[PDB]
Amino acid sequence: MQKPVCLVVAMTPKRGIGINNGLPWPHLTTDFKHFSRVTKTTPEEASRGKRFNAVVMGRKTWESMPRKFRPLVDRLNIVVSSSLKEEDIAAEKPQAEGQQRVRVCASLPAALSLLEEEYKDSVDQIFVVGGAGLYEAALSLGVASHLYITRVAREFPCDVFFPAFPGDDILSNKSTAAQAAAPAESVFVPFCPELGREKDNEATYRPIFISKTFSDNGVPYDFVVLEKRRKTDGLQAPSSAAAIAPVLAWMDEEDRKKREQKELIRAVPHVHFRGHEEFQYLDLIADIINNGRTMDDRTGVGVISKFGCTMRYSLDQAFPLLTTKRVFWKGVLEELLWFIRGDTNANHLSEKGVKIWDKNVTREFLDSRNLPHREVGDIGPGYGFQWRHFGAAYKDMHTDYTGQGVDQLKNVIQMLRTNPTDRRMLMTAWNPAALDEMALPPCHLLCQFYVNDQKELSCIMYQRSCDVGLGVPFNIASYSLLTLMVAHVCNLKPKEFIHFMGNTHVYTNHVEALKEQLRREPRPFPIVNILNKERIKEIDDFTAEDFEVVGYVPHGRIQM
């Protein structure tokens, strides 16, 4: 074969692709466009006498399409079938000018042999576009060099599934090969197709491309490209760049001289296009381990730190709940609702199964802070108290503080509702006069809001100290969620959460676990919907039952 073969498919995390000879989900507008652009684009125009691509499909997929869309315009359509006749297809509807006559072939080898022989001068690329029968044939034959997979993050009822294939761990968690009961079921994919099924000819598909998350009709999804592999596997003029190179070389020495020293950490290095926004997070971990400085801290553990780091997360299609390790969403939600209430009683959290604060409000820890007058659970005048009562005198976690101090959150919302271009829409929890009264000095300590010219809301949060391993994914979810709630009660659309970080670190004893996490490819982000919107007029109206997380498919626990 001289023509490239590719597979294009959209599937759920359990590989579901259809039901009752239709698609399983509501219409996915961006995926529809992607399918058209990929299958219609000549290879010459993408890099940026009639030549065109071919689409090969099974009989049921052909019949599954509305007669309006079939044949797929501007591509050569081949249908694999034993019953359908070419003349009937031509007689289905008038053949527009310049379109190719639809061919019917008895197998996939026959379809490809026809394309190689009869369309030698005219077909550039070949796309196998379904269904399960033809996908199975093309995988078992080994002819697909790349798979274009739209990863639909939600599960739907399905009765037709894409075949299990080597590389399908990109879709969902697999119970290892040391905890698997038996070798996982899978088509054999020949690396060299002419050598067929031989032990030394086993291929697998590895991702080279993972996009940011899209959504349509409440369905999150993204786009990946897998490449067939063996299982065992700045520009200027040529005068300008050559003149500059000796100077760059000596200026670049120190970076090189300490870079190749150790073997650098890198997250899933085979992924070339790193569109997924979670790559910011994975690359930050690698950056700290590779380039941070090790020092002892207050507890004496040993930290590796950098100073001054940033990430940004889009909020308009999906929600940045990180996927390479599960985020404790219930803790995020309950603790944010607690902050918003101005509540300083951590027992109200603990009693909901949210224990994140409890180690820091023990009688022991409070006494260590020289706070023996604090009841167990009382965090002092901390986060939510400064948000809603900044500067008020603090007595204990049971006191009614209504009307005392500055209500920054109310001021922020009122300013967004009346003068959104204002440049003072800030909320701070850093009160130096109160730090000695708190169980813990605040960590996420400042946030600022911004509205552009299209009613789109953004938030920045500044964090003085960030454990990237444990706390950072939680902090991202908290302030992203805060941005959704503020946006809804201010009649704005949530756009971007921006994370500014001071001392950004990982603990040395976590390094091995983090290296294992950095072998994981990120999954598409879930969608967070606000329920009962018509009932929720003010920030205090939200409750824990007013949220749903849709399509969250994180990796499982760490092997350590």
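So that there is no doubt, residue numbering starts at 1 and follows the sequence shown.
Annotation: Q100 belongs to the positions left without coordinates in at least a third of the other compared entries, with flanking residues modelled.
For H34, the record comparison shows coordinates present in all the other entries of this protein that model its neighbours, with no third of them leaving it out. The modelled chain breaks after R48 and resumes at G49, leaving 10 or more residues of the deposited sequence without coordinates. The modelled chain breaks between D233 and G234, where 10 or more residues of the deposited sequence lack coordinates. As the entry records it, the average C-alpha temperature factor is higher for 435 to 443, out of 435 to 443 and 478 to 486. Comparing 181 to 189 with 375 to 383, the higher mean C-alpha B-factor in the PDB entry belongs to 181 to 189. In this entry, the residue among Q280, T176, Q317, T324 with the greatest C-alpha B factor is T176. When the C-alpha B-factors of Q448, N411, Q95, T344 are ranked from the entry, the top spot goes to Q95. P166 sits in the middle third of its chain by CA B factor, as recorded in the PDB entry. Per the PDB record, residue ranking by Cα B-factor puts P26 in the middle third of the chain.
In this PDB entry, the Cα temperature factor of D222 sits in the bottom third of its chain's modelled residues, the lowest group. Among the modelled residues of its chain, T428 has a C-alpha B-factor that falls in the lowest third, as given in the PDB entry. When the modelled residues of the chain are ordered by C-alpha B-factor, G58 sits in the middle third.
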